[PDB]
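> quick one, what's the 3D model for this:
(3 chains)
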Amino acid sequence: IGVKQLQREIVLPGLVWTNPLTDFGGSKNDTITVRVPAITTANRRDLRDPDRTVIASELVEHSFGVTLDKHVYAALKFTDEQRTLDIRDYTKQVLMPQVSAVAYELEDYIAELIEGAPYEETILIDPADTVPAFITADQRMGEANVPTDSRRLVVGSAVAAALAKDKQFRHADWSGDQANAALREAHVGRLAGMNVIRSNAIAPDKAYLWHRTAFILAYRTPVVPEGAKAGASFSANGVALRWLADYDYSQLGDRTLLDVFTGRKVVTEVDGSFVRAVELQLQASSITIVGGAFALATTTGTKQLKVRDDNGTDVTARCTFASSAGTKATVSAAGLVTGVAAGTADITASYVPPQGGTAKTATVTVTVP
Amino acid sequence: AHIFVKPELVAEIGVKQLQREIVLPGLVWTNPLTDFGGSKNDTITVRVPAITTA
Amino acid sequence: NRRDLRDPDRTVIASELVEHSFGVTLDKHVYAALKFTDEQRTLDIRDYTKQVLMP
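Numbering: from 1, shown residues only, chains lettered A, B, ... in the order given. Find the structure here:
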């Protein structure tokens, strides 16, 4: 029998505008220019005014550019000694992991696109009541006259858990769902008029709401060259990758490459302000080091600390660590603690909250043997 | 190396400048008076009837 | 991995496929044993499948 390694699901590639336009090859610098049609301004005169001149309006079309600028690949140095030696059923022991790796890389690419956008403010989600934050997000997207259809909402694991824990969705009288789909099932489905899609690619304590015309992904399958011994077009989650395999030379072993050309764009407005998507972050109030007080294996032992906020989000990568007594044990900037002498020490973790202000502080005791 | 000559390919993919919806004109009392031409200073007077107290 | 398009540095970073395994081994002997003298088996025990096997 076999147990698979734990790998996340794939949601993002289906929720993003993909290949609106093609034929990047027949354009200068591999850029397609998208034309935004013009709008006009009117004017107001006064009746029976002695001067009879009219202010002539203007009709200026705008434009932006979409470009292919990245090339995602998963190369394998598949030495021929390994082939027919340990690798059996090539179609499932190497090809499937390679395809899955490229799919996960594309999902990470889209996730970096979505998270890395010019969001001028972040909408704070109060864990006690979360609906006001989502209603505020809807209101923000309504102030920009964004269409109300084809709006996608993606929430991290922490936000979904907080929504389920919210008394607004958990108490039946407060939600009107006399089946408690947030208590029997741990799944709140619809709120503030938008569906919920759970993802782990995005940061755990963040949610993003975007219109369809806010992010653009452009894909191109590389053409299988004539001089390639083995070529195929193994597909992916809506993407057609290209797989090509050299057989010899250098090491007299196989070398495989599974790749696709990719490009991203965030559709900003004509004034360079991003209003077609909004982001929300879960408000945090306290942090605690998981595991509490502990002891190391040796005097020079190493243990990797982990800090969770009150919402369960791990904030290890976002915390500053200090040691009360470094002569007995010191703590790195990434949470790793190494002992240098026998005895106890006190470690302080400081985390600036998303809402801002005084950082939350959590103190733990480490007893190096 | 190789040098190619290629167009620009301006495209339209449905991205348009965002505009407000129009809901106000159908809500206000429009055109109860029309004969503005046949009146002095283009002004039509409206007469509110008298009321009295006992 | 990802690389820039039309990059003159035409190199590819190879990836690694490592497959692990772990074992489950037998280490305990769960037993229940009953010893009956011949008199006990003859006289004292009246119904074997109810007085001995079931417990």
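> now the helices for the stretch 101-250 of chain A?
A:131-143, A:157-165, A:167-170, A:172-175 (DSSP state H, counting those that start in this stretch).
> so which of those helices gets nearest residue B:30?
Proximity to residue B:30, assessed across these by CB to CB, is greatest for helix A:131-143 (26.6 Å). In this view, the C-beta of every residue, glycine as well, is placed from N, C-alpha and C.
> kindly report the residues of the stretch 51-200 of chain A close to chain B.
A:62, A:63, A:144, A:145, A:146 (CB under 8 Å from any CB of the partner chain).
> so what's the backbone phi/psi at residue A:308?
phi -120, psi 140 (degrees, to the nearest 10).
> how much space between residue A:125 and residue A:168?
Distance, residue A:125 to residue A:168, using CB to CB, to the nearest Å: 12 Å.
> show me which of those two is the more surrounded one.
Comparing residue A:125 with residue A:168 by other CB atoms under 10 Å in any protein chain shown, the one with more neighbours is residue A:125, at 29 against 16.
> bridged to that one, which residues?
Taking DSSP bridges as the rule, residue A:125 bridges to residue A:282.
> chain B contacts on the stretch 251-369 of chain A?
Residues of the stretch 251-369 of chain A lying near chain B (CB under 8 Å from any CB): A:267, A:269, A:270, A:275.
> by neighbours, which of those wins?
Neighbour max across these (other CB under 10 Å) = residue A:267, 22 neighbours.
> list the contacts of that one.
A:64, A:213, A:214, A:215, A:216, A:276, B:15 (CB atoms under 8 Å, 6 or more residues apart in numbering or on different chains).
> which one of those is nearest chain C?
residue A:216 (16.4 Å; CB to the nearest CB).
> related to what we said a few turns ago, the helices of the stretch 101-250 of chain A into TSV, with extra columns for distance to residue A:301?
Below are those laid out as TSV (distance: least, CB to CB, whole Å):
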stretch	distance to residue A:301
helix A:131-143	43
helix A:157-165	31
helix A:167-170	43
helix A:172-175	49
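> and residue A:315, which of those helices is closest to it?
When these are compared by CB to CB, helix A:157-165 sits nearest residue A:315, at 10.6 Å.
> tilt between that closest one and helix A:131-143?
Angle of helix A:157-165 versus helix A:131-143, following axes from the mean of the first three to the mean of the last three CA atoms, to 10 degrees, is 120 degrees.
> mind listing residues that contact helix A:157-165?
A:125, A:127, A:130, A:155, A:169-170, A:182, A:186-188, A:191, A:196, A:198, A:200, A:204-207, A:280, A:282, A:311-313.
> and that helix, what's buried?
Buried residues in helix A:157-165, counted by 16 or more other CB atoms under 10 Å in any protein chain shown: A:157, A:158, A:159, A:160, A:161, A:162, A:163, A:164, A:165.
> buried sites along stretch A:43-57?
Under 16+ other CB under 10 Å, stretch A:43-57 has no buried positions.
> and it, end to end?
Stretch A:43-57 has an end-to-end distance of 8 Å (criterion: CA to CA, to the nearest Å).
> please apply the same query to stretch B:1-16.
Using CA to CA, one end of stretch B:1-16 lies 40 Å from the other.
> and it, anywhere near chain C?
No: Stretch B:1-16 does not reach chain C (CB under 8 Å from any CB); its nearest approach is 10.3 Å.
> circling back: who wins on neighbours among the residues of the stretch 51-200 of chain A next to chain B?
In terms of neighbour count, residue A:146 stands highest of those at 21 neighbours, by other CB under 10 Å.
> ok, that residue - contacts?
Here residue A:146 is in contact with A:211, A:275, A:276, B:18 (CB under 8 Å, 6+ apart).
> quick check: the gap between the last one and chain C.
In other words, residue B:18. 32 Å (CB to the nearest CB, to the nearest Å).
> from the chain's centroid, how far away is stretch A:134-153?
In terms of CA atoms, centre = their mean, to the nearest Å, the centre of stretch A:134-153 is set 20 Å apart from its chain centre.
> pull out the buried positions in it.
Result for stretch A:134-153 [16+ other CB under 10 Å]: buried residues A:134, A:136, A:137, A:138, A:140, A:141, A:146, A:151, A:152, A:153.
> out of the helices of the stretch 101-250 of chain A, nearest to residue A:236?
helix A:157-165 (24.0 Å).
> dump that closest one to CSV, restricted to CA.
C-alpha atoms of helix A:157-165 as CSV (Å, rounded to 0.1, in the frame of the first residue of the first chain):
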residue,chain,number,x,y,z
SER,A,157,-8.0,28.9,5.3
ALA,A,158,-7.9,31.2,8.3
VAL,A,159,-10.7,33.5,6.9
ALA,A,160,-12.9,30.5,6.1
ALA,A,161,-12.3,29.1,9.7
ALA,A,162,-13.1,32.5,11.2
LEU,A,163,-16.3,32.7,9.1
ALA,A,164,-17.4,29.3,10.3
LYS,A,165,-16.6,30.3,13.9
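> so how far is residue A:349 from residue A:126?
23 Å.
> which one of those two has more residues nearby?
Taking neighbours as other CB under 10 Å, residue A:126 and residue A:349 compare with residue A:349 leading, 24 against 15.
> can I assume that one sits in a strand?
Yes: assigned with DSSP: H, G, I helix; E, B strand; the rest coil, residue A:349 falls within a strand.
> enumerate every residue touching it.
A:287, A:289, A:305, A:307, A:319, A:320, A:321, A:335, A:361, A:362, A:363, A:364.
> possible to save these as TSV with neighbour count and secondary structure?
As requested, these are exported to TSV (neighbours: other CB atoms under 10 Å in any protein chain shown; DSSP: H, G, I helix; E, B strand; the rest coil):
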residue	neighbour count	secondary structure
A:287	24	strand
A:289	23	strand
A:305	21	coil
A:307	23	strand
A:319	25	coil
A:320	14	strand
A:321	20	strand
A:335	21	coil
A:361	14	strand
A:362	18	strand
A:363	13	strand
A:364	20	strand
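> need those residues in a markdown table with distance to residue A:121, can you?
Formatted as a markdown table, the contacts of residue A:349 follow (distance: CB to CB, whole Å):
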| residue | distance to residue A:121 |
| --- | --- |
| A:287 | 24 |
| A:289 | 31 |
| A:305 | 32 |
| A:307 | 26 |
| A:319 | 24 |
| A:320 | 25 |
| A:321 | 29 |
| A:335 | 30 |
| A:361 | 27 |
| A:362 | 28 |
| A:363 | 33 |
| A:364 | 34 |
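> of the residues of the stretch 251-369 of chain A next to chain B, closest to residue A:120?
For these, the nearest to residue A:120 is residue A:275 (9.0 Å; CB to CB).
> please report the distance of the closest one from chain C.
29 Å.
> does residue A:234 touch residue A:258 like I think?
Yes: counting by CB atoms under 8 Å, residue A:234 does reach residue A:258; the two are 6.8 Å apart.
> neighbour-wise, which of those two wins?
Per other CB under 10 Å, whichever of residue A:234 and residue A:258 has more neighbours is residue A:258, with 23 against 15.
> residues in contact with the more buried one?
A:73, A:74, A:75, A:98, A:99, A:102, A:234, A:241, A:242, A:243.
> what helix or strand is it on?
strand A:255-266 (DSSP states H and E).
> who in chain B is up against chain A?
So far as CB under 8 Å from any CB goes, chain B lies against chain A at B:6-21, B:42.
> give me the neighbour count for the closest residue to chain C within chain B.
Proximity of chain B to chain C (CB to the nearest CB) peaks at residue B:1, 10.3 Å away. Residues near residue B:1, counting by other CB under 10 Å, number 2.
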